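We call the chains A, B, C, D, E, F, G, H and I, going by the order they appear; numbering starts again at 1 in every chain.
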Amino acid sequence: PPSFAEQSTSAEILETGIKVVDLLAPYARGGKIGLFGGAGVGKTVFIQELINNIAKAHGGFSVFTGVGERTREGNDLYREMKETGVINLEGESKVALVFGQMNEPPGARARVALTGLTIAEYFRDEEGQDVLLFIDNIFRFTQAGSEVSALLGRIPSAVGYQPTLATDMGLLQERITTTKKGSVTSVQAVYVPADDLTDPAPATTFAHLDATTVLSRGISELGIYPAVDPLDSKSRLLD
Amino acid sequence: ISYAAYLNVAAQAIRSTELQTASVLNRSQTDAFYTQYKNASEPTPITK
Amino acid sequence: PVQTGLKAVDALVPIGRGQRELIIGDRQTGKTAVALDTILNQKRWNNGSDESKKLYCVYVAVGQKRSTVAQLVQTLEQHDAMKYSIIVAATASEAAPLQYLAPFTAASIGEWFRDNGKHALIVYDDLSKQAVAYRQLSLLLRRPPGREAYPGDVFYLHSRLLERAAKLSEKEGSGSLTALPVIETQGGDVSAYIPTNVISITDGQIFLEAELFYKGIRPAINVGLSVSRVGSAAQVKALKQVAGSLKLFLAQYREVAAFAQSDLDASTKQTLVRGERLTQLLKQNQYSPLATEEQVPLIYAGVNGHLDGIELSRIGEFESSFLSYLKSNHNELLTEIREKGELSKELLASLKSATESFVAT
Amino acid sequence: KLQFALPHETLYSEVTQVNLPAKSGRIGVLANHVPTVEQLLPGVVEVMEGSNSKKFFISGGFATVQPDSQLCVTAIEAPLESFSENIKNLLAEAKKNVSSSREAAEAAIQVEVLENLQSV
Amino acid sequence: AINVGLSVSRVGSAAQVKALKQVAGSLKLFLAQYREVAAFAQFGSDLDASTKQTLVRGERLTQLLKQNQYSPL
Amino acid sequence: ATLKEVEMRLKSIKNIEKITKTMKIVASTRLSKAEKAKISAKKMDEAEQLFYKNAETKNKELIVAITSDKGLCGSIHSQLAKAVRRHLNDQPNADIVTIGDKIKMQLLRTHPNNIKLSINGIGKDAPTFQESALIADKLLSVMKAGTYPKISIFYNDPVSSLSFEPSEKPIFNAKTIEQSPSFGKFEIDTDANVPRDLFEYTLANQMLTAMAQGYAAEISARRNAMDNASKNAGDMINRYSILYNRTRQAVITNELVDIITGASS
Amino acid sequence: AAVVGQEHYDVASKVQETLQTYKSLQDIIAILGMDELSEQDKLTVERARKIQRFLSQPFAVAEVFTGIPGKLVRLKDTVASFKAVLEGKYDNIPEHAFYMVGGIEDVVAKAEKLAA
Amino acid sequence: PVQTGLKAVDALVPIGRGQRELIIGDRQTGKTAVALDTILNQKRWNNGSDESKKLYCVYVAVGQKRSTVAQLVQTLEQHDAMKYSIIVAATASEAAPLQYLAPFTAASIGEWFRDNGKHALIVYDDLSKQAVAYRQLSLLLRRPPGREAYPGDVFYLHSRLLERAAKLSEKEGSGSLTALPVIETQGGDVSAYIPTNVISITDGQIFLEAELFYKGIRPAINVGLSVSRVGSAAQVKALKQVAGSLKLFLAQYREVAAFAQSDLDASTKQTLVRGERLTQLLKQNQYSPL
Amino acid sequence: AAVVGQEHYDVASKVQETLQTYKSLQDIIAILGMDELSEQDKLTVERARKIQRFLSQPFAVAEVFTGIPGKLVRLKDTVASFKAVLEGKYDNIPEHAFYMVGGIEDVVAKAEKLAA
């Protein structure tokens, strides 16, 4: 992960076209703002909107990295992404896709994330461009890491989760920061284990996440798209 | 006959043709008991 | 869509072909019965020449005694469905490698159908015992047992198996391999490691519940706690049209069942009238599949609140009579529902009249 | 002014001519009528506000022209038409009933009410 | 202090004194009714005489059961 | 276990939550009817009071009190009990008519002798003339109410839609009617025994109204209370949920320890 | 279904539903009591209670466990007896008149014993 | 005394030199900010040349993202406070032995000041992340999981760490390393093994009020559950005299505001009126200390 | 028993029963109120809240830390004090008076202090 110098010394708000985002949960430069509120709030479309906004906003790109992908869902995403032109075959494709199915072995499930991150850092460092890296379930990131620990023989830590959970997440979420050049930023999906936030895998995740944007299905049912529920969405970037 | 009894019977009678809705029937057809008391002591509850 | 001949499953929980969807519920409540019902309605489709309609079903009996499986085999034969069926048998006594690889090997059979462009349905009952067998293997191979002494890479196994189920594209020919894994619960403990994993992998869930069983819905499904995450894209357009309403009325009915037990606003009481009749209409007994041309009318009646008038006890009488009455009045209309596959406004107009007439007598 | 009310209604709670059957026979009140206290008997009452006239059968109550010229009429239950044919049959039976059965006095009041109904 | 709801004797009254078998025949039933009624009573529902017969009898039984350390009999 | 007993207790609280939720809503429904009755009644009462005020009617002693048979209407019972007791310090020798089981019990504790008449069947319905009439008729005969130049009745006036203050009024006797100064400015007649009728008539008319006010407070209190209950149950839900979650984690830990133990040995 | 006799099945379906409601109603009765309980609910409570003690049946073995010799009830008789209860032909019959009884004759007989 | 600049942490949770006193509460409620405010207040004597009341403060950041630390440093340099302070760092990315060895090494620096008889201060944020680090190593040494799988010799680690903070005698030069160890409650759980071990070792806690925190106030402190004991004899007399058991008075208010679902005697109402107003008086915004 | 006095043992026994009842009904009292439990129970509860508060006795070695000067109460005094409270003699004076003070006499004096 970058040195103290090439880590965020002062944080600035990466702009979006969505007014709701820029008010009620302003996105940060280097920051990790972990989306909450699954598809049903138009999560995927919300994410697509962000890709477009990022492109306008900075000149950025994105990489949708999907961990523990359901191969059905992956199909849907590719088809939707093509159609909505964030991937225009003839045209330009901002988002790069890396999909890691659940079937793909736990070792490769752990490494899909790091691979996605490498592309992002090439964008930041070697193309200057700020990027926004979506991650799918980081619970299924945890699960994959936990399994490999047990395979490696390493004793499962509390609730079964790997003993190296903190450091691995630490690397992943400190290679997402503001260097002198660009900044990676990561929007993550947190599949909480039955809202047992108390558990280490969510707790540690929330420890890494600077802000959380908490889309609600209630809100979208009040016809509001953005589906953001600001009385749930909370940011430390509202200072 | 006592005046409040006189009016009561009259009210009950007024509750009699087809216009006599349930709420009218309820306003003049209710059952209860009066559990008389005394000095602890209690002459038994008998239908009011 | 894939049709089970159970109105609630086909409409409330709309299922397709290729799709993998859970069946988490408690054993012997006709867990096997719910599964078997689909095969029988699929007999109708099987008759239908196209082999995307010939679902060559595969039942994967895991850890099930031969005496029980003998009854199953005989039942399939009785309903003359054991001729496009395959029954992969790994019995209770049959060894743990066989049990472990039984869904995997079974899937490979499924791939052949899918590949040929045909469709088929593989129902794994129960992958929980597949898990248990792997536990035996892993522990004996000294490979560490995961949570609840059940291997951690049991997740990895489930993911490999369940992601071979697919509705292909015309690149690989549009064929499919529908799957319906069954997971056995002992309290509905979705918390349990094996359920949590399977719940994540599957798209949709069917949550079958005991309370309903006692209340006379046998086999028993709690369809408030059933969900679909593949939705009505795998639903007949016709069946979708006349059953959006049903979901909303029932939704209100759940909430307004929590004031049912006295004095109630007319709106609440109205919901109860339609809802109680609907609950009775959605009752179903084992091994009764029901044609789509008869699914569409029944939900329409409830939606139009035409069931309200006919007493709760008389819902049963209403059903058979209504259907015969519809056939007599216009099995032309019924045949139109089946063949057009869509409900023309004129046909629903006529249908509404027909139902009113039926409610009259 | 004038009030006419029931604990369930507010009949005429202004009214120009009122015809009332009271302890003192029948009393009529028109505009300024000197303030009175008359106990209302079960009654056939005519109330006219302007030339518009509404006819009431009344359980008995109390009548009081106030010094506010507010004729407070209080009664338990009244319109005339609601009280009225099945009641005639019933009352005929009730007249019989006095023969069979405080109960004697009560049954007599049922007959009294039948006379009041008959007057209509 | 004994919680007799989770106490059993699966050998029955064959291990019990004959005199004591006769007398304590409905002791269990009374107590069983007392326990049920007492629980119900704490949800503050209004009580009819049939429940309060049980309760009133039951209270006397409860005091009868009580044992004080180092007293045989 | 820990896990199951936590879980079952949490479920108990859940069921309590559901019941208190159900009750508060149903109570509100019933409350609408309660208020309607009280309005119409109060208008009626006002016409009677119009006479008494202008009359300047001017007041052992009787005590009447009003509550339903039914409970679960907050502190209606005990606020009323306190104000009865206050006027039972004003004269403990007052003959108490307790119209309502709940006030009967509390009041019976403070003095049981003073309880003279009581009524069962009150709580089943909103106040009605029929009830008031029969109670009054019986009240006159048994308690000889007219003899006492002080009658006071207690009930609960629902001061604001979230509050109730137990309130009283004095039931005007034939004695009061006699010595009211304006009563000649109203033309009284010697051709009627207006005290002997009017006393009886306002015994009931006042009683019905007092009851209607009390009843309205009763159903209102039930709603208020059942709402406050639901909030408190939610908090206990949260407390047991945290305990539940913790117990899950601990069980997982102990199971893993077992596995490790097995491999280690 | 008709595996055990269609009638037998239907009787048993009705019994289960009746009991299940009664269990749910225990919570309502616990706090509310008779409040929010209809005429229907009181009957369901009573029928469930009658059914509740209809299950109780002596054991041959019972000497020092009860002392009441077992009751062997014909298949036809059991179907008939539960049907009667449900129909309310034995709804003037006390709860305890089903307690430790067998067949239809027994249900009536223990009803008679309480009756006189 | 240690002048935190907060009335509530200098007379409702009074402290002074040498003290060990944890700060416990919910994860990332600006947990760091509470401690930071103390450091900022100490600029009156830390920019003071009075070396006794000058602290040499070490901020130990364990398990903290290097980005976050850099923002903190920049914050410190805006308040020109960086100069009188040392920062020890063992980021979240940084290795598990390094995290483990970060507090022990830091205390060595602290001792050099202390053993110069000088007053210092050390804030250890967060020991819970040290438990996680020590856990990783132990498990990888196949050492058995301790309570909550946090090793049993984590106890020894913290106990050695904690007791190296204390005011020392005239012999030792009247020096101190005042600790203030900031313990993160995972999932808000305060029954957890790591917090309770700290609580027993330390004197005083600084339990923080979550409900009030939600309802604003950077910071909102649960003084009902905050305690101090020997920090109350490390006080400054001005704030001992004026502090006329105001903690008690505000735990008469705590009681009063506990019950209201209930008649309030005019006396209780007066207490409540003072209490509520006193609570408003307590409110203080970050980066500004009194 | 009479090992440390039968009377002493009796007083302690009563404290335990009262407290156990008081702890028992904490669920119901909080969810509802204390008024939705019996008057008899309310006396018991009120007595027990007082007992709970009474049990305080400031420490005489953390007198500095608390600030409050400590309190030391004799065994002889203890038997007398609790005996009185169980009979509810001092159940009429503020629970604020009971709170954070030692001896029965001190409670009484603090009642007078509060009254001012």
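Rule of thumb we're sticking to: contacts are C-beta pairs under 8 Å (C-beta built on N, C-alpha and C of every residue); 3 or more make two chains touch, one makes a residue touch a chain.
To keep track of the chains, here are their UniProt names: B = ATP synthase subunit epsilon, mitochondrial; D = ATP synthase subunit delta, mitochondrial; F = ATP synthase subunit gamma, mitochondrial.
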Chains touching both subunit D and subunit F, listed by label: B
Longest centre-to-centre distance from subunit H, chain (CA-based): D
Pair with more cross-chain C-beta pairs in contact, given A-H and E-G: A-H
Middle chain, criterion being Cα centroid separation: F
Length of the line joining the C-alpha centres of subunit D and subunit I, rounded to whole Å: 67
Whole-Å separation of chain centres (CA-atom averages), subunit B against subunit D: 21
Between subunit C and subunit D, centroid-to-centroid distance (C-alpha), Å: 70
Centre-to-centre distance between subunit G and subunit F (centres being mean Cα positions), rounded to whole Å: 41
Residue numbers of subunit D (touch at least two other chains): 8, 61, 76-77
For subunit G, residues that touch 2 or more chains besides their own: 28, 31-32, 36
Junction residues of subunit E - those touching two or more other chains: 43-44, 46
Parts of subunit G lying in touch with subunit C, wherever the complex brings them together: 1, 13, 16-17, 19-20, 24-25, 28, 36-38, 41
Residue ranges of subunit I touching subunit F (in the complex, touch as defined): 27, 30-33, 35-36, 39
Sites on subunit E touched by subunit I in the complex: 42-44, 69-70
Interface residues, subunit F side, partner subunit D - complex: 37, 40-41, 43-45, 47-48, 50-51, 54, 129, 182-183, 185-189, 191-192, 194, 197-198, 201, 205, 208-209, 212
Residues on subunit C engaged by subunit G in the complex (per definition of touch): 211, 214-216, 218, 261-262, 285
